[PDB]
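Here the sequence shown is numbered in PDB author numbering, starting from 1 and rising by one per residue.
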Amino acid sequence: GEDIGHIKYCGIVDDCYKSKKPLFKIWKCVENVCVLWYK
């Protein structure tokens, strides 16, 4: 299935500049733990 298709495994923009927003919605993340807020 295709030849190109790599994952952008990164942290919080450190070296892989020009990210593509690997997150989903991002509400409240702290202590290496992401939690919702809207709902």
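Every residue gets a Cβ at the ideal spot worked out from N, C-alpha and C, and that includes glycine.
Looking from the CA of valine 13, the closest CA among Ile4, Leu23, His6, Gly5 belongs to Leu23.
Under the three-state reduction of DSSP output, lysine 28 falls in the strand class. Annotated three-state conformation of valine 13 is coil, per DSSP. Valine 33 sits in coil when the DSSP states are folded into three classes, being neither helix nor strand. One Cα belongs to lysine 39, the other to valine 30, and the distance between them is close to 18 angstroms.
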